[PDB]
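Trainee: Here it is, the structure in full.
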Amino acid sequence: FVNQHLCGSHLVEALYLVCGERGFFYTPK
Amino acid sequence: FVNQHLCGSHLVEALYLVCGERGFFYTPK
Amino acid sequence: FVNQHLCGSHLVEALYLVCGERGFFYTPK
Amino acid sequence: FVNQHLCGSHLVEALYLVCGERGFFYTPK
Amino acid sequence: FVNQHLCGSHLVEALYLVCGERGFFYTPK
Amino acid sequence: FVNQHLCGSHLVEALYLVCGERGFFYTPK
Amino acid sequence: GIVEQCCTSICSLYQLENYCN
Amino acid sequence: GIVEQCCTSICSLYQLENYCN
Amino acid sequence: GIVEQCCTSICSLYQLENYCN
Amino acid sequence: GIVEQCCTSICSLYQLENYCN
Amino acid sequence: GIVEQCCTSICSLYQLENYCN
Amino acid sequence: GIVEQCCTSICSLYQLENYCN
Ligand SMILES: *C(=O)CCCCCCCCCCCCC
Ligand SMILES: *C(=O)CCCCCCCCCCCCC
Ligand SMILES: *C(=O)CCCCCCCCCCCCC
Ligand SMILES: *C(=O)CCCCCCCCCCCCC
Ligand SMILES: *C(=O)CCCCCCCCCCCCC
Ligand SMILES: *C(=O)CCCCCCCCCCCCC
Ligand SMILES: [Cl-]
Ligand SMILES: [Cl-]
Ligand SMILES: [Zn+2]
Ligand SMILES: [Zn+2]
C-alpha cells in the first residue's frame with residue numbers, strides 16, 4: 001500500500017531527528 | 001560536524017527506500 | 001489534487017536515489 | 001564527492017516543485 | 001490527524017524553497 | 001554558499017517537527 | 001490559513017509566495 | 001508497531017523518543 | 001505513467017529502475 | 001541566530017525548541 | 001549544466017525554471 | 001560502519017542493501 005509507505009518515509013526522517021546520536025530500529029508492519 | 005548530520009538525514013531516507021519491509025538500523029556510534 | 005502531488009515529491013526523491021548517475025525523466029499525469 | 005550527491009537530492013526536489021506539470025530532466029553526466 | 005501533518009512537512013519544505021532569503025511564518029490550523 | 005542553503009532545508013524540517021502546533025519562524029537575514 | 005488552502009488544493013508557486021515575508 | 005501507532009494518530013516528540021535506542 | 005503506477009501501488013526498486021535513463 | 005548556532009554545530013532537539021513561537 | 005550552476009551558487013526559484021521542459 | 005563508507009564516498013543502491021536486516 002502506498003500512503004502507508006509515504007508515512008514511513010517521514011517517520012524515519014522524524015525518528016532520525018528525534019533520536020539523533022542514540023539511533024533507532026525501524027520495523028514496518 | 002553538521003555536514004556529518006546532514007548526510008545521516010539522507011542515509012536514513014536511503015535505508016528506508018532500500019530495505020523496505022526488512023527495515024534498517026542506524027548506528028553512528 | 002494534493003495527495004497526488006505529495007506522492008510525486010517522494011517519487012522524484014526515490015527516483016533520484018535509485019537511478020543515480022543514470023538520471024531520469026519525470027512526467028506527471 | 002558525497003557533498004555533490006547531497007546537493008542533487010535537493011536539486012531534484014527543487015525541480016519537482018518548480019516545473020510541476022511540466023516535469024524536469026536530471027542529467028549530471 | 002496524521003495526513004494533515006504529512007502535508008505540513010512538505011509545505012514548509014516547499015515554503016522554504018519558494019521564499020528563500022525572505023523567509024516565512026508557518027502557523028498550523 | 002550552497003552548503004548554507006542545504007542546512008536551511010534541514011533546519012526548516014527540524015523546526016516543523018519540533019514546534020508542531022506552535023509553528024516556527026525562519027529568518028536567516 | 002496555509003494548511004486550509006494548500007493542503008486541500010494544489011498551490012502554485014505564486015500562491016506559496018503569498019506566505020513569504 | 002511504530003507504523004500502527006504514528007501513522008494512525010499524530011505522535012508527539014516524547015512518543016517518537018520511545019522508539020530510539 | 002509513473003504516477004499512474006507507483007502512486008496507486010507500491011513500487012519495488014526494480015520497478016523504479018525502469019524509469020531511469 | 002538559528003543559522004549561526006544550529007548549522008555550524010549539531011543541535012539537539014531541545015536546541016530547536018528555543019526558536020518556536 | 002544544472003549541477004555546475006545551481007549547486008556551486010545558490011539558485012533562486014526562477015533559476016530552477018530554466019531546466020523545465 | 002555505514003557512516004564511514006557511504007558518507008565519505010557515494011554509495012550505489014546495492015551498497016545500502018548491505019545494512020538491511
Ligand atoms: C499492508 O498490507 C497494510 C495493512 C494495513 C491495512 C491497510 C488498510 C487499513 C484500513 C484503511 C483503509 C482506508 C483506505 C481506503
Ligand atoms: C560519530 O561522531 C561518527 C564517527 C565518525 C565521524 C566522521 C566525521 C568526519 C567529518 C566529516 C567529513 C565529511 C564531510 C562531508
Ligand atoms: C488530476 O486531475 C488527477 C487525476 C487522477 C484522478 C484523481 C482521483 C482518482 C480517484 C480516487 C479518489 C479518492 C479520493 C477521494
Ligand atoms: C559528475 O561527476 C558531475 C561533474 C561535475 C562535478 C563537480 C563536483 C565538484 C565538487 C563539489 C564541490 C562543491 C561541494 C558543495
Ligand atoms: C484538526 O483537528 C484537523 C481539523 C481539520 C478537519 C480534519 C477532517 C476534515 C474532513 C476530511 C475527512 C477525510 C478523512 C476521513
Ligand atoms: C546569510 O547569508 C546568513 C549569514 C551567515 C552565513 C554564514 C555562512 C557561513 C558559510 C558556511 C560554513 C558552514 C558550511 C556547512
Ligand atoms: Cl504523503
Ligand atoms: Cl545537505
Ligand atoms: Zn509525504
Ligand atoms: Zn541535505
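In the C-alpha cells, the first chain shown is A, the next is B, and so on; residue numbers restart at 1 for each chain, and ligands run from 1 in the order shown.
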Please superimpose chain B upon chain F, fitting all C-alpha atoms matched one to one in order, and report the result as a tab-separated table (two decimals) with N, CA and C atoms, in the first residue's frame.

Mentor:
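Below is the file selection13.tsv, written as the result:
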chain	number	residue	atom	x	y	z
B	1	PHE	N	26.81	30.66	-0.49
B	1	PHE	CA	27.27	29.32	-0.16
B	1	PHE	C	26.09	28.34	-0.19
B	2	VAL	N	26.15	27.38	-1.11
B	2	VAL	CA	25.07	26.41	-1.25
B	2	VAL	C	25.01	25.49	-0.04
B	3	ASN	N	26.17	25.15	0.53
B	3	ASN	CA	26.19	24.36	1.76
B	3	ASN	C	25.36	25.02	2.85
B	4	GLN	N	25.35	26.35	2.89
B	4	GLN	CA	24.45	27.06	3.80
B	4	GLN	C	22.99	26.81	3.44
B	5	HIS	N	22.68	26.83	2.14
B	5	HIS	CA	21.30	26.63	1.71
B	5	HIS	C	20.79	25.24	2.08
B	6	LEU	N	21.65	24.22	1.94
B	6	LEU	CA	21.24	22.86	2.25
B	6	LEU	C	20.91	22.70	3.73
B	7	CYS	N	21.68	23.35	4.61
B	7	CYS	CA	21.40	23.25	6.04
B	7	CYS	C	20.08	23.92	6.39
B	8	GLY	N	19.70	24.97	5.67
B	8	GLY	CA	18.41	25.59	5.91
B	8	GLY	C	17.25	24.66	5.59
B	9	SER	N	17.37	23.90	4.50
B	9	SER	CA	16.32	22.95	4.12
B	9	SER	C	16.15	21.85	5.16
B	10	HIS	N	17.19	21.53	5.92
B	10	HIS	CA	17.06	20.61	7.04
B	10	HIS	C	16.69	21.32	8.33
B	11	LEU	N	17.01	22.61	8.45
B	11	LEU	CA	16.60	23.36	9.64
B	11	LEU	C	15.09	23.57	9.66
B	12	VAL	N	14.49	23.86	8.50
B	12	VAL	CA	13.05	24.09	8.44
B	12	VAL	C	12.29	22.81	8.77
B	13	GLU	N	12.73	21.67	8.24
B	13	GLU	CA	12.06	20.41	8.55
B	13	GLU	C	12.26	20.02	10.01
B	14	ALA	N	13.37	20.45	10.62
B	14	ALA	CA	13.56	20.25	12.05
B	14	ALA	C	12.62	21.13	12.85
B	15	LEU	N	12.48	22.40	12.46
B	15	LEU	CA	11.60	23.31	13.18
B	15	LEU	C	10.15	22.87	13.06
B	16	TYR	N	9.75	22.35	11.89
B	16	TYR	CA	8.38	21.88	11.72
B	16	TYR	C	8.08	20.73	12.67
B	17	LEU	N	9.00	19.77	12.79
B	17	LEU	CA	8.77	18.63	13.67
B	17	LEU	C	8.85	19.03	15.14
B	18	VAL	N	9.65	20.05	15.46
B	18	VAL	CA	9.87	20.41	16.85
B	18	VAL	C	8.72	21.25	17.39
B	19	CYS	N	8.34	22.30	16.67
B	19	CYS	CA	7.31	23.21	17.17
B	19	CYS	C	5.92	22.58	17.10
B	20	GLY	N	5.59	21.95	15.97
B	20	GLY	CA	4.29	21.34	15.81
B	20	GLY	C	3.17	22.34	15.65
B	21	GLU	N	2.24	22.36	16.61
B	21	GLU	CA	1.13	23.30	16.55
B	21	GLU	C	1.57	24.74	16.81
B	22	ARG	N	2.71	24.93	17.48
B	22	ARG	CA	3.18	26.28	17.77
B	22	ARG	C	3.59	27.02	16.50
B	23	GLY	N	4.31	26.35	15.62
B	23	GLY	CA	4.87	26.98	14.44
B	23	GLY	C	6.25	27.56	14.70
B	24	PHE	N	6.89	27.99	13.61
B	24	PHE	CA	8.27	28.45	13.68
B	24	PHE	C	8.46	29.63	12.73
B	25	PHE	N	9.52	30.39	12.98
B	25	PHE	CA	9.94	31.48	12.11
B	25	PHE	C	11.35	31.21	11.62
B	26	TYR	N	11.55	31.30	10.31
B	26	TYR	CA	12.85	31.10	9.68
B	26	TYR	C	13.34	32.46	9.18
B	27	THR	N	14.41	32.96	9.79
B	27	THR	CA	14.95	34.28	9.46
B	27	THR	C	16.47	34.21	9.40
B	28	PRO	N	17.03	33.87	8.23
B	28	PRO	CA	18.49	33.94	8.10
B	28	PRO	C	19.01	35.37	8.07
B	29	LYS	N	18.29	36.28	7.41
B	29	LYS	CA	18.68	37.68	7.35
B	29	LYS	C	17.55	38.57	7.86

Trainee: Specify as a list in words all residues of chain K found within 10 Å of chain E, counting only C-alpha atoms.

Mentor: residues 10, 11, 12, 13 and 14 of chain K

Trainee: Could you give me, as JSON, numbers by chain, the residues within 8 Å of residue J:2, counting only C-alpha atoms and dropping anything in the same chain fewer than 2 positions from it?

Mentor: {"F": [27, 28], "J": [4, 5, 6, 7, 19]}

Trainee: For the atom pair atom CA of residue I:20 and atom 1 (Cl, counted along the ligand's line) of ligand 7, what is the interatomic distance in Å to one decimal place?

Mentor: 22.4 Å

Trainee: May I ask for the distance between atom CA of residue J:17 and atom CA of residue H:17, given in Å to one decimal place?

Mentor: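 Going from atom CA of residue J:17 over to atom CA of residue H:17, I get 15.3 Å.
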
Trainee: Could you state the separation of atom 6 (C, counted along the ligand's line) of ligand 5 and atom CA of residue I:3 in Å, given to one decimal place?

Mentor: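 These atoms are spaced 26.6 Å apart.
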
Trainee: Mind checking DSSP for chain D and telling me the alpha helix (DSSP H) residues as a PyMOL selection string?

Mentor: chain D and resi 2-19

Trainee: With N, CA and C atoms retained, could you export that selection as an mmCIF file, in the first residue's frame?

Mentor:
data_model
loop_
_atom_site.group_PDB
_atom_site.id
_atom_site.type_symbol
_atom_site.label_atom_id
_atom_site.label_comp_id
_atom_site.auth_asym_id
_atom_site.auth_seq_id
_atom_site.Cartn_x
_atom_site.Cartn_y
_atom_site.Cartn_z
ATOM 1 N N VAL D 2 30.487 13.036 -1.949
ATOM 2 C CA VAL D 2 29.147 12.863 -1.394
ATOM 3 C C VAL D 2 28.441 14.203 -1.252
ATOM 4 N N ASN D 3 29.186 15.267 -0.935
ATOM 5 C CA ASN D 3 28.590 16.599 -0.892
ATOM 6 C C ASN D 3 27.917 16.941 -2.214
ATOM 7 N N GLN D 4 28.481 16.474 -3.331
ATOM 8 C CA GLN D 4 27.807 16.610 -4.617
ATOM 9 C C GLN D 4 26.499 15.831 -4.640
ATOM 10 N N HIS D 5 26.509 14.611 -4.101
ATOM 11 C CA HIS D 5 25.307 13.785 -4.119
ATOM 12 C C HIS D 5 24.186 14.419 -3.307
ATOM 13 N N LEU D 6 24.524 15.017 -2.162
ATOM 14 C CA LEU D 6 23.503 15.628 -1.317
ATOM 15 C C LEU D 6 22.828 16.800 -2.019
ATOM 16 N N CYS D 7 23.598 17.597 -2.766
ATOM 17 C CA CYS D 7 23.004 18.723 -3.478
ATOM 18 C C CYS D 7 22.061 18.254 -4.580
ATOM 19 N N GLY D 8 22.341 17.100 -5.189
ATOM 20 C CA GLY D 8 21.425 16.560 -6.179
ATOM 21 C C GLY D 8 20.080 16.186 -5.586
ATOM 22 N N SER D 9 20.088 15.599 -4.388
ATOM 23 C CA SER D 9 18.842 15.231 -3.721
ATOM 24 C C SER D 9 17.989 16.446 -3.382
ATOM 25 N N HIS D 10 18.601 17.616 -3.210
ATOM 26 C CA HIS D 10 17.846 18.850 -3.052
ATOM 27 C C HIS D 10 17.550 19.527 -4.379
ATOM 28 N N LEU D 11 18.356 19.266 -5.407
ATOM 29 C CA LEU D 11 18.073 19.815 -6.727
ATOM 30 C C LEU D 11 16.837 19.165 -7.337
ATOM 31 N N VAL D 12 16.691 17.847 -7.171
ATOM 32 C CA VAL D 12 15.540 17.146 -7.736
ATOM 33 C C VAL D 12 14.247 17.604 -7.070
ATOM 34 N N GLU D 13 14.257 17.764 -5.743
ATOM 35 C CA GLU D 13 13.053 18.229 -5.063
ATOM 36 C C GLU D 13 12.748 19.680 -5.410
ATOM 37 N N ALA D 14 13.776 20.462 -5.751
ATOM 38 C CA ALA D 14 13.540 21.811 -6.246
ATOM 39 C C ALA D 14 12.931 21.784 -7.641
ATOM 40 N N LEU D 15 13.452 20.925 -8.521
ATOM 41 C CA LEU D 15 12.916 20.838 -9.875
ATOM 42 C C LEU D 15 11.481 20.330 -9.869
ATOM 43 N N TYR D 16 11.164 19.392 -8.972
ATOM 44 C CA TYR D 16 9.795 18.892 -8.888
ATOM 45 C C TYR D 16 8.824 20.003 -8.506
ATOM 46 N N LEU D 17 9.189 20.822 -7.517
ATOM 47 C CA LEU D 17 8.301 21.899 -7.089
ATOM 48 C C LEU D 17 8.233 23.014 -8.123
ATOM 49 N N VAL D 18 9.302 23.211 -8.892
ATOM 50 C CA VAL D 18 9.353 24.335 -9.821
ATOM 51 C C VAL D 18 8.594 24.020 -11.104
ATOM 52 N N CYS D 19 8.877 22.868 -11.718
ATOM 53 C CA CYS D 19 8.261 22.543 -13.001
ATOM 54 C C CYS D 19 6.791 22.170 -12.845
#
